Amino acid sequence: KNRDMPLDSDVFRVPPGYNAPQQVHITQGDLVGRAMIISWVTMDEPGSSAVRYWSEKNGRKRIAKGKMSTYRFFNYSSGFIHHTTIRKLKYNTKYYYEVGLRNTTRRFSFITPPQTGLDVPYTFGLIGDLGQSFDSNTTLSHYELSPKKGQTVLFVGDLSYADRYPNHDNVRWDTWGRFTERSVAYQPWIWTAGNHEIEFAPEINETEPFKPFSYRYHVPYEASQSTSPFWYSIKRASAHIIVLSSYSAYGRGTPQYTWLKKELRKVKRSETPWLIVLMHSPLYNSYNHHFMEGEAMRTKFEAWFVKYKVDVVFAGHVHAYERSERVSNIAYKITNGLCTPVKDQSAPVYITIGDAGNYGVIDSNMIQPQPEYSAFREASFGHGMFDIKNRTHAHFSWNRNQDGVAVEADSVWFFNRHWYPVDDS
């Protein structure tokens, strides 16, 4: 049944004025937080890729110059896509920025994160598999209405679900951009590529994976010496965030494998104590839907996560919520019969948070009974919050669409694996 919001919905309204910038969105633009990638689309003509910005502190207006690009997908032709990086921003300060400098100007703002450090607090939103259904809209409202006040969204993939439409009707990317603007124009969303971003459709000569997503959503991948936008790293406040690609190559020797190996080695827990991994497809999942799809990546990387004491791994893909115990399944050797997950205080917690709404369908069927490795699971629409207090403590909470915005249906304290490895079960 169609639960996608109609094209004439209020959330899809086009900003008025000739060549008004639309689908405005921002993300972190460098490794440590001093830069911001500003992106938007113009529909009437190319327009200018310049961004005007200034801090509240200094009130000196400056100009950053960017780049415009376009793409085609089957018989769709995109508008004019702008990406511009503002650099050398001051930490912990409010900036205003304007786009559409030539015809119709629109102004927004954001706050740069504090400089990275050991005890620096920060609140991350967790959103997965958002889509553009009425549920999607409710989750977005709950997030923006949260008393916890999220400062940056960690997005675990499956953005627009445009690919569910005939020929992937790319108009549905445009609507998604206009819908999400109310949040992502004012705070960065950290992008992870899910399977709905693949858009491999050889039947209509579209054979370059991630094409629409990769034209529309840029990431600071060169900042961490990644050679691809689909895996990369950022540091923000006290968190070191590693973004992975479930649908890229990760065999031994491949670019993603090589990069992750080196990146984990570069992590300094005395500088960013919170080590967080994002990926679309969950390594631990006890739901019927996509059961065991995460197995391949798990066999490659799980031992690295345990060895480097990753604090937490976030994923989506399953349209529900699940939180694992700290467990590992890394003792297997084909013939030794050691294929059962065991408690391991050195392993991350695996959280599945792909329940922001998608196209309005929840994954309710669960493998019964709940396995030992699963601490909490529930088939409900909602979003998460990962609220870092200091180097030892972070509080995670899950909020359900059917609950008040201030209500936590699940919550748990994370004790840091490097600085405070006490049983946080």
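Rigid core here is just the name for the largest C-alpha set that superposes within 1.5 Å across the two forms. Position 1 is the first residue in the sequence shown; the rest follow in order.
When the other structures are laid on the shown form by the core, the C-alphas of 38-46 and 52-60 differ in how far they drift in 6 other deposited structures of this protein; the larger average drift belongs to 52-60. Relative to one another, 336-344 and 158-166 have unequal mean CA B-factors, and 336-344 is the one with the higher figure. Between 388-396 and 364-372, the higher mean Cα B-factor belongs to 364-372.
Highest CA B-factor among the listed residues (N58, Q28, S39, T70): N58.
The top Cα temperature factor in the record, among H240, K262, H280, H319, falls on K262. In this PDB entry, the Cα temperature factor of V310 sits in the bottom third of its chain's modelled residues, the lowest group. Annotation for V407: C-alpha temperature factor in the middle third relative to the rest of the modelled chain, per the entry.
Annotation for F134: CA B-factor lies in the highest third of the chain's modelled residues. Among all modelled residues in its chain, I81 ranks in the middle third by Cα B-factor. Among all modelled residues in this chain, the alpha-carbon of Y215 has a temperature factor (C-alpha) in the lowest third.
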